């Protein structure tokens, strides 16, 4: 134990953590790996998502070289503050924090070679802009851009470990989402010239497909059961004017209320979604049904044969014209 205390003091004695390793001589290469402990709740309304990861970085620091009986140096966060570490920052980060209980969740391991292994646990909320045209049969891709803030590529460079495959791992238990399937992950790296230098930002893309089950129960079934209800009016006689009216007047507003209700939970986007269109025609079908009764009742006294006919015909054309719409609707957006 006493031997290692002197090793640490010898490495940190006269060690300036304010300067990156290789300043003015070599670029600091940082191989990075990532393990997603859990994929956090995705907020469509806020166009963001949360993620809890173990973010590891390894670089070579010659000032930390040493010869001893051990092969490395398992240490705590205590030493991480005393040495130099990369100033990595997540570009598209909204709000994030490093877990601190029981102690700062950090790990420092130093090798005789001088290579440093520096991993930490982070929960990050980042922006994930979405296009919701195909909602709720939609797929989304959420990025995670990160890189150095003060050191361009001429001084610090990032690269993925093990190659672009298996560089990023995700715990199967932690990718829990109520509304999305986590299809897969793809990594990337690109240099970008900025007015403060050309930095190398590395990205981790998370592709997602939305689950239709929830909206089937909350929106689609309530709408489909309301359109068929409006069509029951056709099976009544024009003599029951009030009854026929109650059917139409109520089902059109039920359809209106379902629209506003179904949209309140979604982001206030200024364009229609696949759910909106479905609701739109369902409103047309119910409104058409009520308009059908208004027509028969207006001509039932002058053209009772035509008015009566139009009732018998509506009992078959409306369901087919709606049933055929669902066939094309669900086939188009699920293809």
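Residue numbers count along the first chain shown, from 1.
Using only C-alpha atoms and the B-factors in the entry, which stretch averages higher, 125 to 133 or 74 to 82? Per the deposited B-factors, the answer is 74 to 82.
Segment of higher mean CA temperature factor, 185 to 193 or 162 to 170: Higher mean C-alpha B-factor in the PDB entry: 162 to 170.
Going by the CA temperature factor in the entry, name the top one among 244, 210, 94, 115. 115 has the highest C-alpha B-factor of those listed.
Comparing recorded Cα B-factors across 224, 177, 157, 249, which one is largest? Highest CA B-factor of the listed options: 177.
Would you check the entry's CA temperature factor for residue 103 and let me know if it's in the chain's lowest, middle or highest third? Ranked within chain, residue 103 CA B lands in the highest tercile.
Could you say whether, by C-alpha temperature factor, residue 145 belongs to the lowest, middle or highest third of its chain? Tercile = lowest for this residue's CA B-factor.
Once the chain's modelled residues are ordered by C-alpha B factor and cut into thirds, is residue 266 in the lowest, middle or highest one? As the PDB entry reports it, the C-alpha B-factor of residue 266 lands in the lowest third of its chain.
When the deposited Cα B-factors of this chain's modelled residues are ordered and cut into thirds, is residue 41 in the lowest, the middle or the highest one? Ranked within chain, residue 41 CA B lands in the lowest tercile.
Should residue 274 be placed in the lowest, middle or highest third of its chain by the C-alpha B factor in the entry? Lowest third - that is where residue 274 ends up once the chain's C-alpha B-factors are sorted.
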